[PDB]
file run.pdb (PDB, C-alpha atoms and all ligand atoms)
ATOM      1  CA  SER Q   1       0.000   0.000   0.000  1.00  0.00           C
ATOM      2  CA  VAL Q   2       1.135   3.551  -0.922  1.00  0.00           C
ATOM      3  CA  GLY Q   3      -0.314   6.211   1.416  1.00  0.00           C
ATOM      4  CA  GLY Q   4      -2.607   3.429   2.793  1.00  0.00           C
ATOM      5  CA  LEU Q   5      -4.114   2.632  -0.689  1.00  0.00           C
ATOM      6  CA  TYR Q   6      -3.708  -0.732  -2.490  1.00  0.00           C
ATOM      7  CA  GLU Q   7      -3.827  -1.363  -6.279  1.00  0.00           C
ATOM      8  CA  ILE Q   8      -6.873  -3.494  -7.241  1.00  0.00           C
ATOM      9  CA  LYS Q   9      -8.362  -4.417 -10.637  1.00  0.00           C
ATOM     10  CA  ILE Q  10     -12.106  -3.646 -10.518  1.00  0.00           C
ATOM     11  CA  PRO Q  11     -14.289  -4.741 -13.499  1.00  0.00           C
ATOM     12  CA  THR Q  12     -15.625  -1.972 -15.825  1.00  0.00           C
ATOM     13  CA  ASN Q  13     -17.740  -4.209 -18.088  1.00  0.00           C
ATOM     14  CA  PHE Q  14     -19.275  -7.693 -17.729  1.00  0.00           C
ATOM     15  CA  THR Q  15     -21.227 -10.481 -19.400  1.00  0.00           C
ATOM     16  CA  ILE Q  16     -23.228 -13.488 -18.182  1.00  0.00           C
ATOM     17  CA  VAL Q  17     -21.648 -16.903 -18.863  1.00  0.00           C
ATOM     18  CA  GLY Q  18     -23.536 -20.193 -18.691  1.00  0.00           C
ATOM     19  CA  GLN Q  19     -21.922 -23.446 -17.546  1.00  0.00           C
ATOM     20  CA  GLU Q  20     -23.788 -26.752 -17.820  1.00  0.00           C
ATOM     21  CA  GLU Q  21     -23.303 -29.602 -15.319  1.00  0.00           C
ATOM     22  CA  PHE Q  22     -24.749 -33.112 -15.660  1.00  0.00           C
ATOM     23  CA  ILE Q  23     -25.335 -34.933 -12.372  1.00  0.00           C
ATOM     24  CA  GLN Q  24     -26.264 -38.595 -12.627  1.00  0.00           C
ATOM     25  CA  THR Q  25     -29.299 -39.380 -10.423  1.00  0.00           C
ATOM     26  CA  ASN Q  26     -30.331 -42.719 -11.957  1.00  0.00           C
ATOM     27  CA  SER Q  27     -28.892 -45.721 -13.837  1.00  0.00           C
ATOM     28  CA  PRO Q  28     -30.312 -48.557 -15.993  1.00  0.00           C
ATOM     29  CA  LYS Q  29     -32.224 -51.019 -13.720  1.00  0.00           C
ATOM     30  CA  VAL Q  30     -30.397 -54.246 -14.533  1.00  0.00           C
ATOM     31  CA  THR Q  31     -32.302 -57.420 -13.610  1.00  0.00           C
ATOM     32  CA  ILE Q  32     -30.758 -60.867 -13.970  1.00  0.00           C
ATOM     33  CA  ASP Q  33     -32.571 -64.200 -14.008  1.00  0.00           C
ATOM     34  CA  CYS Q  34     -29.826 -66.179 -12.261  1.00  0.00           C
ATOM     35  CA  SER Q  35     -31.479 -69.502 -13.240  1.00  0.00           C
ATOM     36  CA  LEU Q  36     -31.775 -68.637 -16.987  1.00  0.00           C
ATOM     37  CA  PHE Q  37     -28.304 -67.013 -17.073  1.00  0.00           C
ATOM     38  CA  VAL Q  38     -26.513 -69.978 -15.428  1.00  0.00           C
ATOM     39  CA  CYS Q  39     -28.568 -72.715 -17.211  1.00  0.00           C
ATOM     40  CA  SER Q  40     -30.401 -71.774 -20.472  1.00  0.00           C
ATOM     41  CA  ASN Q  41     -33.130 -74.485 -20.517  1.00  0.00           C
ATOM     42  CA  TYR Q  42     -31.012 -77.586 -19.763  1.00  0.00           C
ATOM     43  CA  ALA Q  43     -32.758 -79.682 -17.082  1.00  0.00           C
ATOM     44  CA  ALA Q  44     -29.447 -81.371 -16.099  1.00  0.00           C
ATOM     45  CA  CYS Q  45     -27.984 -77.922 -15.301  1.00  0.00           C
ATOM     46  CA  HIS Q  46     -31.093 -76.745 -13.357  1.00  0.00           C
ATOM     47  CA  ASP Q  47     -30.916 -79.975 -11.278  1.00  0.00           C
ATOM     48  CA  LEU Q  48     -27.296 -79.230 -10.232  1.00  0.00           C
TER      49      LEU Q  48
ATOM     50  CA  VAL A   1     -44.336 -57.379  -8.431  1.00  0.00           C
ATOM     51  CA  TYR A   2     -42.672 -60.766  -8.880  1.00  0.00           C
ATOM     52  CA  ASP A   3     -40.387 -61.488 -11.836  1.00  0.00           C
ATOM     53  CA  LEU A   4     -41.031 -65.183 -12.440  1.00  0.00           C
ATOM     54  CA  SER A   5     -38.458 -67.743 -13.613  1.00  0.00           C
ATOM     55  CA  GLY A   6     -37.643 -67.399 -17.301  1.00  0.00           C
ATOM     56  CA  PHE A   7     -39.475 -69.602 -19.775  1.00  0.00           C
ATOM     57  CA  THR A   8     -38.286 -70.617 -23.280  1.00  0.00           C
ATOM     58  CA  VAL A   9     -40.641 -71.273 -26.214  1.00  0.00           C
ATOM     59  CA  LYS A  10     -40.722 -75.101 -26.469  1.00  0.00           C
ATOM     60  CA  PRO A  11     -39.907 -76.600 -29.930  1.00  0.00           C
ATOM     61  CA  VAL A  12     -42.882 -77.469 -32.212  1.00  0.00           C
ATOM     62  CA  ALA A  13     -40.960 -79.706 -34.677  1.00  0.00           C
ATOM     63  CA  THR A  14     -37.544 -81.365 -35.198  1.00  0.00           C
ATOM     64  CA  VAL A  15     -35.044 -80.788 -38.024  1.00  0.00           C
ATOM     65  CA  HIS A  16     -32.793 -83.753 -38.829  1.00  0.00           C
ATOM     66  CA  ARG A  17     -30.277 -83.395 -41.684  1.00  0.00           C
ATOM     67  CA  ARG A  18     -27.791 -86.062 -42.865  1.00  0.00           C
ATOM     68  CA  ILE A  19     -26.007 -86.833 -46.151  1.00  0.00           C
ATOM     69  CA  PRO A  20     -28.161 -89.461 -47.966  1.00  0.00           C
ATOM     70  CA  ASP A  21     -27.068 -92.553 -49.965  1.00  0.00           C
ATOM     71  CA  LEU A  22     -23.809 -93.220 -48.033  1.00  0.00           C
ATOM     72  CA  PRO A  23     -22.578 -96.874 -47.988  1.00  0.00           C
ATOM     73  CA  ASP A  24     -22.443 -99.070 -44.880  1.00  0.00           C
ATOM     74  CA  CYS A  25     -19.106 -98.805 -43.012  1.00  0.00           C
ATOM     75  CA  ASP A  26     -18.747-102.652 -42.742  1.00  0.00           C
ATOM     76  CA  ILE A  27     -16.758-102.245 -39.485  1.00  0.00           C
ATOM     77  CA  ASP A  28     -17.735-105.768 -38.349  1.00  0.00           C
ATOM     78  CA  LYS A  29     -16.235-107.328 -41.550  1.00  0.00           C
ATOM     79  CA  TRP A  30     -12.838-105.814 -40.694  1.00  0.00           C
ATOM     80  CA  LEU A  31     -13.045-106.570 -36.941  1.00  0.00           C
ATOM     81  CA  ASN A  32     -14.130-110.184 -37.693  1.00  0.00           C
ATOM     82  CA  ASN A  33     -11.255-110.799 -40.197  1.00  0.00           C
ATOM     83  CA  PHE A  34      -9.475-114.031 -39.110  1.00  0.00           C
ATOM     84  CA  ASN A  35      -5.934-112.656 -39.797  1.00  0.00           C
ATOM     85  CA  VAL A  36      -5.642-110.966 -36.356  1.00  0.00           C
ATOM     86  CA  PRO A  37      -2.410-108.898 -35.806  1.00  0.00           C
ATOM     87  CA  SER A  38      -0.363-108.895 -32.578  1.00  0.00           C
ATOM     88  CA  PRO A  39       0.028-105.731 -30.411  1.00  0.00           C
ATOM     89  CA  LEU A  40       3.505-105.360 -31.975  1.00  0.00           C
ATOM     90  CA  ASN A  41       2.041-104.912 -35.508  1.00  0.00           C
ATOM     91  CA  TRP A  42      -1.434-103.563 -34.685  1.00  0.00           C
ATOM     92  CA  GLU A  43      -3.508-102.834 -37.802  1.00  0.00           C
ATOM     93  CA  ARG A  44      -5.527 -99.674 -38.548  1.00  0.00           C
ATOM     94  CA  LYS A  45      -8.605 -98.974 -40.694  1.00  0.00           C
ATOM     95  CA  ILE A  46     -10.252 -95.573 -41.182  1.00  0.00           C
ATOM     96  CA  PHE A  47     -14.010 -95.355 -41.716  1.00  0.00           C
ATOM     97  CA  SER A  48     -15.406 -92.149 -43.246  1.00  0.00           C
TER      98      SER A  48
HETATM   99  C1  LIG Z   1     -19.321  -3.885 -22.782  1.00  0.00           C
HETATM  100  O1  LIG Z   1     -18.904  -4.951 -23.687  1.00  0.00           O
HETATM  101  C2  LIG Z   1     -19.782  -5.178 -24.858  1.00  0.00           C
HETATM  102  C3  LIG Z   1     -19.181  -6.314 -25.695  1.00  0.00           C
HETATM  103  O2  LIG Z   1     -17.811  -6.011 -26.022  1.00  0.00           O
HETATM  104  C4  LIG Z   1     -19.960  -3.860 -25.635  1.00  0.00           C
HETATM  105  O3  LIG Z   1     -20.999  -4.035 -26.623  1.00  0.00           O
HETATM  106  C5  LIG Z   1     -20.401  -2.707 -24.719  1.00  0.00           C
HETATM  107  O4  LIG Z   1     -20.499  -1.481 -25.502  1.00  0.00           O
HETATM  108  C6  LIG Z   1     -19.430  -2.543 -23.536  1.00  0.00           C
HETATM  109  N1  LIG Z   1     -19.900  -1.495 -22.627  1.00  0.00           N
HETATM  110  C7  LIG Z   1     -19.084  -0.684 -21.965  1.00  0.00           C
HETATM  111  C8  LIG Z   1     -19.756   0.355 -21.062  1.00  0.00           C
HETATM  112  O5  LIG Z   1     -17.862  -0.764 -22.073  1.00  0.00           O
END
call {"tool": "encode", "arguments": {"input": "run.pdb", "output": "structure tokens"}}
result
Amino acid sequence: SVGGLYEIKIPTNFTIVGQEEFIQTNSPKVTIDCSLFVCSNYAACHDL
Amino acid sequence: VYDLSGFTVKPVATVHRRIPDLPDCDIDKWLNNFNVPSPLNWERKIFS
């Protein structure tokens, strides 16, 4: 500070800027048929 | 809400495809040949 005054840059003109932000709040609801996944339609596999 | 066990559409017919007019292999004629080799000189025949 010179004489108790500091040098500061104060804006003389301005604009409005837009910034987008995606926030994930959901996801695909994956469902798995464990029986059909592990054994397609093979009775010998469903038995085990 | 209950997701039931997965079903598969059961077959309504059967498809069976083979090359027609092929000769008999005659495996028994070769296995029944009376000139039997020893393990030292084992004989081989290929059927196709
Ligand atoms: C502010 O900036 C805009 C874009 O450069 C200009 O059109 C406008 O005249 C400026 N205003 C001042 C007071 O400097």
call {"tool": "closest_atom_pairs", "arguments": {"input": "run.pdb", "of": "chain Q", "to": "stretch 1-7 of chain A", "cutoff": "9 Å", "atoms": "all atoms listed in the file", "output": "tab-separated table"}}
result
residue	atom	partner	partner_atom	distance
Q:33	CA	A:6	CA	6.8
Q:34	CA	A:5	CA	8.9
Q:35	CA	A:5	CA	7.2
Q:36	CA	A:6	CA	6.0
Q:41	CA	A:7	CA	8.0
call {"tool": "axis_aligned_box", "arguments": {"input": "run.pdb", "around": "ligand LIG 1 (chain Z)", "padding_each_side": "6 Å", "output": "JSON"}}
result
{"center_x": -19.4, "center_y": -3.0, "center_z": -23.8, "size_x": 15.2, "size_y": 18.7, "size_z": 17.6}
call {"tool": "closest_residue", "arguments": {"input": "run.pdb", "among": "Q:18, Q:11, Q:28, Q:3", "to": "ligand LIG 1 (chain Z)", "atoms": "all atoms listed in the file"}}
result
Q:11
call {"tool": "atom_distance", "arguments": {"input": "run.pdb", "atom1": "atom CA of residue Q:42", "atom2": "atom CA of residue A:10"}}
result
12.1 Å
call {"tool": "residues_near_ligand", "arguments": {"input": "run.pdb", "ligand": "ligand LIG 1 (chain Z)", "cutoff": "8 Å", "atoms": "only C-alpha atoms and all ligand atoms", "output": "list in words"}}
result
residues 12, 13, 14 and 15 of chain Q
call {"tool": "write_last_selection", "arguments": {"input": "run.pdb", "atoms": "C-alpha atoms", "output": "mmCIF file, keeping the file's coordinate frame"}}
result
data_model
loop_
_atom_site.group_PDB
_atom_site.id
_atom_site.type_symbol
_atom_site.label_atom_id
_atom_site.label_comp_id
_atom_site.auth_asym_id
_atom_site.auth_seq_id
_atom_site.Cartn_x
_atom_site.Cartn_y
_atom_site.Cartn_z
ATOM 1 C CA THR Q 12 -15.625 -1.972 -15.825
ATOM 2 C CA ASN Q 13 -17.740 -4.209 -18.088
ATOM 3 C CA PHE Q 14 -19.275 -7.693 -17.729
ATOM 4 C CA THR Q 15 -21.227 -10.481 -19.400
#
call {"tool": "residues_around", "arguments": {"input": "run.pdb", "residues": "residue A:23", "least_positions_apart": "3", "cutoff": "10 Å", "atoms": "only C-alpha atoms", "output": "number ranges by chain"}}
result
A: 20, 26, 48
call {"tool": "build_atoms", "arguments": {"input": "run.pdb", "residues": "stretch 10-42 of chain Q", "atoms": "N, CA and C atoms", "output": "mmCIF file, in the frame of the given file"}}
result
data_model
loop_
_atom_site.group_PDB
_atom_site.id
_atom_site.type_symbol
_atom_site.label_atom_id
_atom_site.label_comp_id
_atom_site.auth_asym_id
_atom_site.auth_seq_id
_atom_site.Cartn_x
_atom_site.Cartn_y
_atom_site.Cartn_z
ATOM 1 N N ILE Q 10 -10.648 -3.605 -10.660
ATOM 2 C CA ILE Q 10 -12.106 -3.646 -10.518
ATOM 3 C C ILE Q 10 -12.717 -3.734 -11.919
ATOM 4 N N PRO Q 11 -13.676 -4.631 -12.183
ATOM 5 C CA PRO Q 11 -14.289 -4.741 -13.499
ATOM 6 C C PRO Q 11 -14.996 -3.469 -13.960
ATOM 7 N N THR Q 12 -14.929 -3.135 -15.241
ATOM 8 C CA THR Q 12 -15.625 -1.972 -15.825
ATOM 9 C C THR Q 12 -16.736 -2.380 -16.776
ATOM 10 N N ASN Q 13 -16.738 -3.635 -17.210
ATOM 11 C CA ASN Q 13 -17.740 -4.209 -18.088
ATOM 12 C C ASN Q 13 -17.876 -5.690 -17.749
ATOM 13 N N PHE Q 14 -19.014 -6.296 -18.041
ATOM 14 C CA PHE Q 14 -19.275 -7.693 -17.729
ATOM 15 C C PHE Q 14 -20.268 -8.326 -18.691
ATOM 16 N N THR Q 15 -20.306 -9.644 -18.651
ATOM 17 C CA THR Q 15 -21.227 -10.481 -19.400
ATOM 18 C C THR Q 15 -21.716 -11.592 -18.483
ATOM 19 N N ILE Q 16 -22.720 -12.338 -18.912
ATOM 20 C CA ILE Q 16 -23.228 -13.488 -18.182
ATOM 21 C C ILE Q 16 -22.772 -14.718 -18.942
ATOM 22 N N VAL Q 17 -22.103 -15.644 -18.265
ATOM 23 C CA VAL Q 17 -21.648 -16.903 -18.863
ATOM 24 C C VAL Q 17 -22.451 -18.042 -18.277
ATOM 25 N N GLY Q 18 -22.781 -19.024 -19.099
ATOM 26 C CA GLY Q 18 -23.536 -20.193 -18.691
ATOM 27 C C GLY Q 18 -22.625 -21.406 -18.711
ATOM 28 N N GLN Q 19 -22.694 -22.224 -17.674
ATOM 29 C CA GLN Q 19 -21.922 -23.446 -17.546
ATOM 30 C C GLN Q 19 -22.871 -24.584 -17.214
ATOM 31 N N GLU Q 20 -22.943 -25.596 -18.060
ATOM 32 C CA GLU Q 20 -23.788 -26.752 -17.820
ATOM 33 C C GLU Q 20 -23.074 -27.783 -16.946
ATOM 34 N N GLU Q 21 -23.830 -28.552 -16.179
ATOM 35 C CA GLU Q 21 -23.303 -29.602 -15.319
ATOM 36 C C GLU Q 21 -24.289 -30.762 -15.269
ATOM 37 N N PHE Q 22 -23.897 -31.937 -15.741
ATOM 38 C CA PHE Q 22 -24.749 -33.112 -15.660
ATOM 39 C C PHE Q 22 -24.441 -33.844 -14.368
ATOM 40 N N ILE Q 23 -25.471 -34.167 -13.600
ATOM 41 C CA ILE Q 23 -25.335 -34.933 -12.372
ATOM 42 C C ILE Q 23 -26.196 -36.169 -12.549
ATOM 43 N N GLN Q 24 -25.572 -37.334 -12.483
ATOM 44 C CA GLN Q 24 -26.264 -38.595 -12.627
ATOM 45 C C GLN Q 24 -27.088 -38.863 -11.378
ATOM 46 N N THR Q 25 -28.386 -39.092 -11.537
ATOM 47 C CA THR Q 25 -29.299 -39.380 -10.423
ATOM 48 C C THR Q 25 -29.966 -40.738 -10.539
ATOM 49 N N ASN Q 26 -29.731 -41.442 -11.638
ATOM 50 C CA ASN Q 26 -30.331 -42.719 -11.957
ATOM 51 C C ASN Q 26 -29.384 -43.544 -12.822
ATOM 52 N N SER Q 27 -29.658 -44.824 -12.978
ATOM 53 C CA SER Q 27 -28.892 -45.721 -13.837
ATOM 54 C C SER Q 27 -29.817 -46.803 -14.377
ATOM 55 N N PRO Q 28 -29.472 -47.487 -15.474
ATOM 56 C CA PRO Q 28 -30.312 -48.557 -15.993
ATOM 57 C C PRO Q 28 -30.590 -49.605 -14.904
ATOM 58 N N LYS Q 29 -31.844 -50.029 -14.736
ATOM 59 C CA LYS Q 29 -32.224 -51.019 -13.720
ATOM 60 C C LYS Q 29 -31.966 -52.412 -14.253
ATOM 61 N N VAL Q 30 -30.768 -52.920 -14.056
ATOM 62 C CA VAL Q 30 -30.397 -54.246 -14.533
ATOM 63 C C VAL Q 30 -31.015 -55.310 -13.642
ATOM 64 N N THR Q 31 -31.702 -56.256 -14.256
ATOM 65 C CA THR Q 31 -32.302 -57.420 -13.610
ATOM 66 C C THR Q 31 -31.705 -58.644 -14.265
ATOM 67 N N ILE Q 32 -31.338 -59.633 -13.462
ATOM 68 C CA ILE Q 32 -30.758 -60.867 -13.970
ATOM 69 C C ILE Q 32 -31.563 -62.058 -13.498
ATOM 70 N N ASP Q 33 -32.048 -62.898 -14.405
ATOM 71 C CA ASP Q 33 -32.571 -64.200 -14.008
ATOM 72 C C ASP Q 33 -31.399 -65.153 -13.816
ATOM 73 N N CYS Q 34 -30.953 -65.318 -12.576
ATOM 74 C CA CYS Q 34 -29.826 -66.179 -12.261
ATOM 75 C C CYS Q 34 -30.017 -67.610 -12.775
ATOM 76 N N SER Q 35 -31.235 -68.151 -12.749
ATOM 77 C CA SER Q 35 -31.479 -69.502 -13.240
ATOM 78 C C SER Q 35 -31.275 -69.593 -14.753
ATOM 79 N N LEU Q 36 -31.872 -68.689 -15.529
ATOM 80 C CA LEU Q 36 -31.775 -68.637 -16.987
ATOM 81 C C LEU Q 36 -30.374 -68.253 -17.470
ATOM 82 N N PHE Q 37 -29.681 -67.363 -16.763
ATOM 83 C CA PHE Q 37 -28.304 -67.013 -17.073
ATOM 84 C C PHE Q 37 -27.389 -68.222 -16.886
ATOM 85 N N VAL Q 38 -27.424 -68.869 -15.721
ATOM 86 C CA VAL Q 38 -26.513 -69.978 -15.428
ATOM 87 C C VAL Q 38 -26.824 -71.208 -16.284
ATOM 88 N N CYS Q 39 -28.100 -71.549 -16.468
ATOM 89 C CA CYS Q 39 -28.568 -72.715 -17.211
ATOM 90 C C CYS Q 39 -29.674 -72.324 -18.201
ATOM 91 N N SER Q 40 -29.445 -72.351 -19.512
ATOM 92 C CA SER Q 40 -30.401 -71.774 -20.472
ATOM 93 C C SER Q 40 -31.798 -72.406 -20.392
ATOM 94 N N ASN Q 41 -31.923 -73.683 -20.739
ATOM 95 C CA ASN Q 41 -33.130 -74.485 -20.517
ATOM 96 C C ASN Q 41 -32.788 -75.966 -20.317
ATOM 97 N N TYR Q 42 -31.553 -76.247 -19.921
ATOM 98 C CA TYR Q 42 -31.012 -77.586 -19.763
ATOM 99 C C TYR Q 42 -31.360 -78.139 -18.391
#
